[PDB]
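Student: The structure under discussion is supplied below as structure tokens; questions concerning it will follow.
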Amino acid sequence: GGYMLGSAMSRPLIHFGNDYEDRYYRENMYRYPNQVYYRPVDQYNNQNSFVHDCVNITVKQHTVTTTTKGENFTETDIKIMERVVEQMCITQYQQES
Ligand SMILES: [Cl-]
Ligand code: NA
Ligand code: NA
């Protein structure tokens with residue numbers, strides 16, 4: 001029946017340990033989501049399980065929306081996107097709980 005779609009937020013500040021990824025996130029920040037998709041929080045007993053699904057669903061949605069427009073993500077984009085989305089999913093879980 002579809003998923004819950006969180007409110008847009010400022011893309012998070014993340015100090016990536018890989019220096020090149022750290023720079024790449026800043027250079028290309030607008031490529032990544034600023035909103036997450038999820039199943040309702042009360043369907044989970046813990047944060048980690050929620051976040052796991054929230055990351056998978058959000059990355060799936062974002063990649064599908066992008067590919068159908070004839071655009072592409074790099075391998076670096078995917079690594080950064082997963083981290084960005086994980087942080088926003090954690091935020092969403094803590095906020096919505
Ligand atoms: Cl932003
Ligand atoms: Na480093
Ligand atoms: Na594509």
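If you're wondering about the labels, chains in the structure tokens are A, B, ... by order shown, residues count from 1 in each chain, ligands from 1 in order shown.
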When the cut-off is 12 Å and you count only C-alpha atoms and all ligand atoms, which residues lie near ligand 3, shown as a list in words?
Tutor: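 With only C-alpha atoms and all ligand atoms and a cut-off of 12 Å, ligand 3 is contacted by residues 60, 62, 63, 64, 65, 66, 67, 68, 69, 70, 71, 72, 73, 74, 75, 77 and 78 of chain A.
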Student: Would you list the contacts of segment 24-27 of chain A as a list in words, taking every protein, DNA or RNA residue within 8 Å and counting only C-alpha atoms, but skipping same-chain residues closer than 2 positions in sequence?
Tutor: residues 20, 21, 22, 29, 76, 77 and 80 of chain A
Student: Please, could you write that set of residues out with N, CA, C and O atoms as a tab-separated table (two decimals), in the first residue's frame?
Tutor:
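Final output, again.tsv:
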chain	number	residue	atom	x	y	z
A	20	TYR	N	38.30	11.25	-0.22
A	20	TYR	CA	37.73	11.49	-1.51
A	20	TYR	C	36.15	11.43	-1.38
A	20	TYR	O	35.48	12.26	-2.04
A	21	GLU	N	35.59	10.47	-0.67
A	21	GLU	CA	34.16	10.41	-0.50
A	21	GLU	C	33.68	11.67	0.22
A	21	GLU	O	32.59	12.19	-0.07
A	22	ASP	N	34.42	12.10	1.22
A	22	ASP	CA	34.08	13.30	1.99
A	22	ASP	C	33.94	14.50	1.05
A	22	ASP	O	32.94	15.24	1.11
A	29	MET	N	26.36	16.95	-3.48
A	29	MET	CA	25.38	16.77	-2.43
A	29	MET	C	23.94	16.67	-2.92
A	29	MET	O	23.14	15.92	-2.37
A	76	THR	N	30.64	5.62	-6.43
A	76	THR	CA	30.87	6.52	-5.32
A	76	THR	C	29.53	7.09	-4.84
A	76	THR	O	29.30	7.19	-3.62
A	77	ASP	N	28.69	7.53	-5.77
A	77	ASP	CA	27.34	8.05	-5.40
A	77	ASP	C	26.59	7.02	-4.54
A	77	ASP	O	25.94	7.40	-3.56
A	80	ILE	N	27.95	6.90	-0.94
A	80	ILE	CA	27.58	8.12	-0.21
A	80	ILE	C	26.09	8.11	0.08
A	80	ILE	O	25.68	8.39	1.22
Student: Which residues are near ligand 1 in this structure, taking near to mean any atom at most 8 Å from a ligand atom and counting only C-alpha atoms and all ligand atoms? Format them as a PyMOL selection string.
Tutor: chain A and resi 9-12+29-30+34
Student: Hey, which bits of chain A sit within 7 Å of ligand 2, and for each residue what's the closest pair of atoms and how far apart in Å (one decimal), counting only C-alpha atoms and all ligand atoms, rows by chain and increasing number, as JSON lines?
Tutor:
{"residue": "A:17", "atom": "CA", "partner": "ligand 2", "partner_atom_place_in_ligand_line": "1 (Na)", "distance": 4.5}
{"residue": "A:18", "atom": "CA", "partner": "ligand 2", "partner_atom_place_in_ligand_line": "1 (Na)", "distance": 4.3}
{"residue": "A:19", "atom": "CA", "partner": "ligand 2", "partner_atom_place_in_ligand_line": "1 (Na)", "distance": 4.5}
Student: Keeping only N, CA and C atoms, write the selected residues as a PDB file, in the first residue's frame.
Tutor:
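The resulting out16.pdb:
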ATOM      1  N   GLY A  17      35.131   9.139   6.444  1.00  0.00           N
ATOM      2  CA  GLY A  17      36.513   8.797   6.711  1.00  0.00           C
ATOM      3  C   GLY A  17      37.394   8.687   5.494  1.00  0.00           C
ATOM      4  N   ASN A  18      36.821   8.259   4.380  1.00  0.00           N
ATOM      5  CA  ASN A  18      37.472   8.309   3.087  1.00  0.00           C
ATOM      6  C   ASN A  18      37.433   9.721   2.545  1.00  0.00           C
ATOM      7  N   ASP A  19      38.605  10.327   2.465  1.00  0.00           N
ATOM      8  CA  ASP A  19      38.715  11.760   2.139  1.00  0.00           C
ATOM      9  C   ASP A  19      38.082  12.078   0.800  1.00  0.00           C
TER      10      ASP A  19
END
Student: Could you list, as a ChimeraX atom specification, every residue within 8 Å of segment 35-37 of chain A, counting only C-alpha atoms and ignoring same-chain residues fewer than 3 positions away?
Tutor: /A:3-9,54-55,57-58,85,88-89,92
Student: Mind checking DSSP for chain A and telling me the helix (DSSP H, G or I) residues as number ranges by chain?
Tutor: A: 19-27, 29-31, 41-43, 47-67, 75-96
